[PDB]
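Only one chain comes next, encoded as structure tokens, the form deposited in one PDB entry.
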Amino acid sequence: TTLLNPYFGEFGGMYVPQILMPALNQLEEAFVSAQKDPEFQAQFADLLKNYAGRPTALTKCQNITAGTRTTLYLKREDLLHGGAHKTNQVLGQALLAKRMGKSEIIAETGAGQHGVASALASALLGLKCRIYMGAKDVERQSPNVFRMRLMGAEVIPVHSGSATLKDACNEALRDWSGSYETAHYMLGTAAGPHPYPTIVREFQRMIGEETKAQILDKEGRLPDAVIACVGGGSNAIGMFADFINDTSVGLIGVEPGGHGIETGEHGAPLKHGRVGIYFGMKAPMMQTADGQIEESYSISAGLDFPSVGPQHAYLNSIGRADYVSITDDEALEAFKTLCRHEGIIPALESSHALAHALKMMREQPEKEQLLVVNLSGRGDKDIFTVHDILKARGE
């Protein structure tokens, strides 16, 4: 028995051990109470505005579109405190945890960005924060690990299984099943058991709300399409949510194609996966033929979630949103193009969304179209990764 529908069509649900269900129900109830509470909204809005930097700018990109009939805007989540959209929702979840009377935060992270976001939110609000991280990911992300420790977070390396996100996530859930009386589990994307897909969307929907008001002010019309990259799906659903009922607005999610879909090394479960049950939810996922969960691959570690949020699977199935893929090489080129012609260094994650926009513009250069790309993060974190690849190509 839940207050909210845990399913989006057939996708979603609460597929967790029985022991965890009191924790999810207590969370759903606190969320519903908080959503109706003007005091909660005013505190949340105050942190977003005076600490994180909202509202973010909507930047027109004339240089990139010259000689076409495409007008392109970037929603500048790279200007948010912390350098990525993740900040919006960790601040909401951290306030929610305080409202529930919790004093500890549990999180898991792969590339480290959700680790950093969880740690800065816990430092600000006086929460004790422990972060589980795969030992293979710990080695590869010493910058982000140091950041987390500077901010007072305990980083618990996990020496189990494949030492990747999966062991940590599973260790984080196990931790939470014992500690949920005092601790809140801060899930990092719009996936997982209900009510997390719903909560993470609602704490990201200001992205699309600001974008609607800002585009109406600057162009007097809604865009023809909004384009966002899709890992687990939080920045995309944050951009999409306020446009869902505006059926003339295309919604385009971009998954990583890796080296190519045909090669097998990619991260597009929504379009090349199979419905399964994992991580508390029923959703398209990448799995072997006898049902083991596969790792997704992408030059952008931030898009390596082996599934996708259930609301995206639902939007695809009814035809409200379209999901495409973009390869590593297409993403790097869009990265270089933005640096050179606008002076913005984008995250390699966000470069997938930009690359698809550049493709829509370049394939049909006389098509008149107003596009918005959600620039979900800045790419200072990717400077070394891009450099090594550009050197290995004699560039």
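Rigid core: the largest C-alpha set superposing within 1.5 Å between the two forms. So that there is no doubt, residue numbering starts at 1 and follows the sequence shown.
The question of which stretch, 139-147 or 275-283, has the higher mean Cα B factor is settled in favour of 139-147.
The deposited model assigns a higher average Cα B-factor to 166-174 than to the other stretch when 195-203 and 166-174 are compared. Which of 210, 77, 294, 242 has the largest Cα B-factor in the deposited entry comes down to 294. Which of 120, 225, 156, 107 has the largest Cα B-factor in the deposited entry comes down to 156. In the deposited entry, the Cα temperature factor of residue 113 places it in the middle third of its chain's modelled residues. In this PDB entry, residue 185 carries a Cα temperature factor that places it within the middle third of its chain's modelled residues. Placement of the Cα temperature factor of residue 62 within the chain: highest third of the modelled residues, per the deposited record. Ranked by Cα temperature factor within the chain, residue 374 sits in the lowest third according to the deposited record.
When all modelled residues of the chain are sorted by CA temperature factor, residue 266 is found within the highest third.
This protein has a second form, the form deposited in another entry, left out of what is shown; the following refers to that one.
Just a single entry of 95, 206, 249, 155 exceeds or equals a 2 Å CA shift between this form and the one not shown, which is 155 (rigid core superposed).
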